[PDB]
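Worksheet: the structure to be examined is printed underneath.
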Ligand SMILES: [Zn+2]
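Numbering (the authors' numbering), first residue to last: 1 to 164.
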């Protein structure tokens, strides 16, 4: 059972950047681990949207608006080892929670963090501070305030001079 097609061309508009990225889903007291889910992510000026044409589960096709984003940075990892197969993760704080996305390469991470900052620079939703560590629910991260969206423990340079 469970064998038929359901493909329709729901194409996104003018893309800035697309890549096969890993979404670490933030679990909370339910039947979910810290799932590393490698999907196709496309960034547009209106929305960051991922792709999962699952021919098995009615899996959650979520999306983030650029205006929902409050902070984008690289994840300066406090741990020894990066858990996922992909390494050099970046973080996207938004209306709900702080999302964590592992890039295949530090090349991918660099360009993604960059382009996201270049979009969210015009938002009035941006916290002047961000969280450097892994915001996992009720865990011992940077400020140990991981419950609800704290306004950042380290200072966020929205316009950071990468210039050498
Ligand atoms: Zn913190």
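Here a beta-carbon is modelled for each residue, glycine too, at the ideal position from N, C-alpha and C.
Beta-bridge pairing of residue 102 - partner residues as DSSP gives them: Taking the chain shown and counting its residues from 1, one reaches residue 102 at position 102. BP columns for residue 102 point to 22 and 89.
CB of residue 57 within 9 Å of CB of residue 127, strictly: As a first step, residue 57 must be located in the chain shown, where it is residue number 57. As a first step, residue 127 must be located in the chain shown, where it is residue number 127. 9 Å or more divides the Cβ of residue 57 from the Cβ of residue 127.
Three or more C-beta pairs under 8 Å: does that hold for the stretch 39 to 54 against the stretch 70 to 79? The answer is no - the stretch 70 to 79 does not touch the stretch 39 to 54, with fewer than three Cβ pairs under 8 Å.
On a Cα-Cα basis, can you pick out the residue from 96, 135 and 50 that is closest to residue 17? Residue 17 sits at position 17 when you count from the first residue of the chain shown. Comparing C-alpha distances from residue 17 to each of 96, 135 and 50 shows the shortest one belongs to 50.
If you follow the beta strand (DSSP E) that residue 73 is part of, which residue opens it and which one closes it? Translated into positions along the chain shown, residue 73 becomes position 73. Boundaries of the beta strand (DSSP E) around residue 73: 71 to 74.
Span of the beta strand (DSSP E), counted from its first residue to its last, around residue 39: Your numbering for residue 39 matches position 39 in the chain shown. 36 to 44 is the span of the beta strand (DSSP E), which, as asked, contains residue 39.
What are the residues that DSSP puts in a beta bridge with residue 130? As a first step, residue 130 must be located in the chain shown, where it is residue number 130. Bridge partners of residue 130: 154.
Report the option in 97, 28, 114 and 155 whose CA atom is closest to the CA atom of residue 64. Your numbering for residue 64 matches position 64 in the chain shown. Closest in C-alpha terms to residue 64, from the list 97, 28, 114 and 155, comes 97.
Determine the closest residue to residue 118 out of 144, 140 and 160, with distance taken between C-alpha atoms. Taking the chain shown and counting its residues from 1, the one referred to as residue 118 is at position 118. Ranked by Cα distance from residue 118, the options 144, 140 and 160 are led by 160.
Sort out for me which residues DSSP pairs residue 48 with in a bridge. Stepping through the chain shown from its first residue, residue 48 is reached at position 48. Under the DSSP definition of a beta bridge, residue 48 partners with 43 and 64.
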